[PDB]
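All of this is worked out from the model, or read from it or from the source named; none is laboratory data. All Cβ positions, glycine included, derive from the backbone under ideal geometry; neighbour counts span all protein chains shown.
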Amino acid sequence: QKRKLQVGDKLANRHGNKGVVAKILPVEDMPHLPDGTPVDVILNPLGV
Amino acid sequence: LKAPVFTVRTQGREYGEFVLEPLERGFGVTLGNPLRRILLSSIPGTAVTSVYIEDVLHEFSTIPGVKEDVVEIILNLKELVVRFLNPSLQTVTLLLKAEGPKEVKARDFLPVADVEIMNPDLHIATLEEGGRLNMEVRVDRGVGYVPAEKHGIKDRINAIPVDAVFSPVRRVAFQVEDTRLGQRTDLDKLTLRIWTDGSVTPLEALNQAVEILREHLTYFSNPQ
Amino acid sequence: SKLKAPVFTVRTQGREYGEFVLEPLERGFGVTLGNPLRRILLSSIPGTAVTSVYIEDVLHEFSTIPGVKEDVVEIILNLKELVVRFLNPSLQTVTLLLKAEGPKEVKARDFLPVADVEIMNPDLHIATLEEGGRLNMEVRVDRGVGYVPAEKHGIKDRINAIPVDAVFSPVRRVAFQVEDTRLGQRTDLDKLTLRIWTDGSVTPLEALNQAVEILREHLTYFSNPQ
Amino acid sequence: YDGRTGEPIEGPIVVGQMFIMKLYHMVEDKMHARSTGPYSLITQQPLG
Amino acid sequence: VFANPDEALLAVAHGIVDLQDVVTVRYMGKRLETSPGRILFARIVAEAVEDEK
Ligand SMILES: [Mg+2]
């Protein structure tokens, strides 16, 4: 089977920050740069 | 405030700038944002939906004489841009027959009436001598993003469904500048920037988005 | 497989509050429609407001008058609560005259009547006078939209007149809500609720109809390039 | 900019590029439910 | 100087003042000297319990 990312999957970086995916948003809902480029991931600053 | 002037600047069939000025204070965001939301989500286009390759049973296999596997080949077919010249056309099937050694591009598809390929130089596969590729690609017309699990379209037994990304719009941004008219000084100047794939022009996409918003405004008419 | 047309229901009590519901909608269209209408409702609905006041024997805004409980600030704050409707479409600005003698309570109905001008809240309290109290006041009322501070327009009809903040907008508050709904096998649909507060000069249903027409008119400007 | 409203966030936000991994623990392999089923030999209690 | 919480919050929507700026607002018959955001917090509690006093 071919598995795509879904709500409940676990992600991490190399510095020990981990968490499960809780929400998937359509592209027009994401924050974007003034040139129209949207971001991919939103991380909480309260974990730092 | 007097009716604004509309200006259009276009670069080919893929980029365009649309300017509306002067506007009242705050109306640039009021008009710009809803158009951007509609443009990025509700504009119809075309996408590859199902592929059949001769002597291939599923997508987790390889083909003798071909450098790429079926998964990589399908990833290349999701970048194909097909333009229907007839508004009544809903589905077409493109045929390809090749023998190595050669690099097969999107221009190797057989010609079809009222169908145009917008990126003929798109690489598809690399054939070594002794390799063959005989495939049929089905292109549908639709709106939005539809995973292969939802439609499950197969024209024959061994066909492989493909995830469809129908939207022809690539990127949208809008600018708000500070203009003035005589004594009034806090007026807005609005510019819309639209990027498309070429099957639909930015001016065509803008007109279709304005009609979608106008249609929705009639829903506030009859209170039940 | 396009979605069916949604249903528009209303729940209005009195002339100052109403709730409006539209469902079902496509995914993300509750935000697409709620935000523009909210911005238009708070800045574009025509209305009337007080722009200047002249009081006899009063120099500046921070003083106090002998013989009346209220100071100059409180009287001005009460004038900003006054709701007045023009009955003449050509009428642009009017002045209201008030003369009072203590020890009565001055009300909004104590203003001298003006033709084609109506007071919507005649029971509004203005000031309280005592024995030996005088109040000679002149109030100027204009037409406009939005909210304009006093120091911006700076309107003074005569000498020693005090400009006041102009609360033109009849709409007092807007709040909209978006909820997830379902229709058979479709589960990402939208339901939009729109709640409007008004001062009574225009009904909340009237304000919504005007806001929709303003947005529709601006959409026809994408018509004739250059 | 906010995609839902078109208005900016009130303060500048830290934006950049980061390397993120998808871990072996997926919700697809972990969700389970039961009404009735096999029982133990001696204690006659449900299995685990 | 604002006559009620609605006027102060309408000025915020027009960008005249911020929620952290200290102003004069009339509320519940008293002339308070606070920010619009503290007046906003008071309305959150009042509507949740449906008893202003
Ligand atoms: Mg595409």
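Details
- Test: residue in region B:129-143 that is more than 16 Å from the ligand (Cβ to nearest atom), acidic (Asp, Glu) and within 14 Å of chain A (Cβ to nearest Cβ): no
- Flag if residue E:5 is of a type outside the set (S, T, N, Q), more than 13 Å from every other protein chain (Cβ to nearest Cβ) and at negative phi: no
- Answer residue from region C:5-20, given it is within 11 Å of chain B (Cβ to nearest Cβ) and in a loop (DSSP other than H, G, I, E, B) and is surrounded by the fewest Cβ atoms within 10 Å (Cβ to Cβ) among those: C:5
- Summed over region B:33-57, the residues that are assigned to a helix (DSSP H, G or I) and away from chain D (no Cβ under 12 Å) give a count of 2.
- Restricted to region C:203-213, and to residues there that are out of contact with any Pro (no Cβ under 8 Å at 6 or more places or on another chain), among the aliphatic types (A, V, I, L, M) and facing chain B (nearest Cβ under 9 Å), the residue that is surrounded by the most Cβ atoms within 10 Å (Cβ to Cβ) is C:208.
- Given (1) charged (D, E, K, R); (2) more than 9 Å from every other protein chain (Cβ to nearest Cβ); (3) within 30 Å of residue C:15 (Cα to Cα), number of the condition residue C:216 does not satisfy: (2)
- For residue C:193, the criteria (1) out of contact with any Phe, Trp or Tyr (no Cβ under 7 Å at 6 or more places or on another chain); (2) hydroxyl-bearing (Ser, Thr, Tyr); (3) touching a residue at least 40 places away in the same chain (Cβ under 8 Å) hold in every case but one, which is (1).
- Some residue of region A:24-43 being surrounded by 10 or more Cβ atoms within 10 Å (Cβ to Cβ), of a type in the set (A, V, I, L, M, F, W, C) and not in a loop (DSSP other than H, G, I, E, B): yes
- Top-ranked residue in region B:157-184 [being over 25 Å from residue B:83 (Cα atoms) and within 13 Å of chain A (Cβ to nearest Cβ); ranked as nearest to the ligand (Cβ to nearest atom)]: B:174
- Set B:125, B:159, B:209: member being under 25 Å from residue B:12 (Cα atoms) and touching a residue at least 24 places away in the same chain (Cβ under 8 Å): B:209
- Selection status of residue B:154, over 30 Å from residue B:32 (Cα atoms), away from the ligand (no atom under 16 Å from the Cβ) and within 14 Å of chain A (Cβ to nearest Cβ): no
- Applying the set (1) touching a helix residue (DSSP H, G or I) at 6+ places or on another chain (Cβ under 9 Å); (2) on the phi > 0 side of the Ramachandran plot; (3) more than 14 Å from chain D (Cβ to nearest Cβ) to residue B:26 leaves exactly one unmet item: (3).
- Checking every residue in region D:31-41 against the condition of being in a loop (DSSP other than H, G, I, E, B), of a type in the set (D, E, K, R) and within 14 Å of chain A (Cβ to nearest Cβ) gives zero matches.
- Complete set of residues in region C:59-70 that are out of contact with any strand residue (DSSP E or B) (no Cβ under 6 Å at 6 or more places or on another chain) and either aliphatic (A, V, I, L, M) or within 11 Å of another protein chain (Cβ to nearest Cβ) (or both): C:59, C:62, C:65
- Single unsatisfied condition, residue A:41 versus (1) at the interface with another protein chain (Cβ under 8 Å from one of its Cβ atoms); (2) over 18 Å from residue D:5 (Cα atoms); (3) more than 12 Å from the chain's Cα centre (by Cα): (3)
- Condition met for residue B:66 (surrounded by 16 or more Cβ atoms within 10 Å (Cβ to Cβ), within 16 Å of the ligand (Cβ to nearest atom), in the same structural domain as residue B:161 (by CATH) and not hydroxyl-bearing (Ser, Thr, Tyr)): no
- Listed by first and then second residue, the pairs linking a residue in region C:138-152 that is within 20 Å of residue C:126 (Cα to Cα) to a residue that is aromatic (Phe, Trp, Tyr), with Cβ atoms under 7 Å apart and 6 or more places separating them unless they lie on different chains, are C:138/C:54.
- Single residue of B:40, B:23 found to be buried (at least 20 other Cβ atoms within 10 Å of the Cβ), within 16 Å of the ligand (Cβ to nearest atom), of a type outside the set (D, E, K, R) and assigned by CATH to the domain that holds residue B:214: B:40
- Residue match in region A:5-14 (condition: surrounded by 13 or more Cβ atoms within 10 Å (Cβ to Cβ), more than 7 Å from every other protein chain (Cβ to nearest Cβ) and within 19 Å of residue D:16 (Cα to Cα)): no
- Considering region B:185-202, the residues that are over 17 Å from residue B:20 (Cα atoms) and more than 10 Å from every other protein chain (Cβ to nearest Cβ) include one that is farthest from the ligand (Cβ to nearest atom), namely B:201.
- Odd one out for residue B:73 among (1) more than 13 Å from every other protein chain (Cβ to nearest Cβ); (2) part of a helix (DSSP H, G or I); (3) surrounded by fewer than 18 Cβ atoms within 10 Å (Cβ to Cβ): (3)
- Any hit, region B:22-32, residues being acidic (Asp, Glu) and assigned to a strand (DSSP E or B): no
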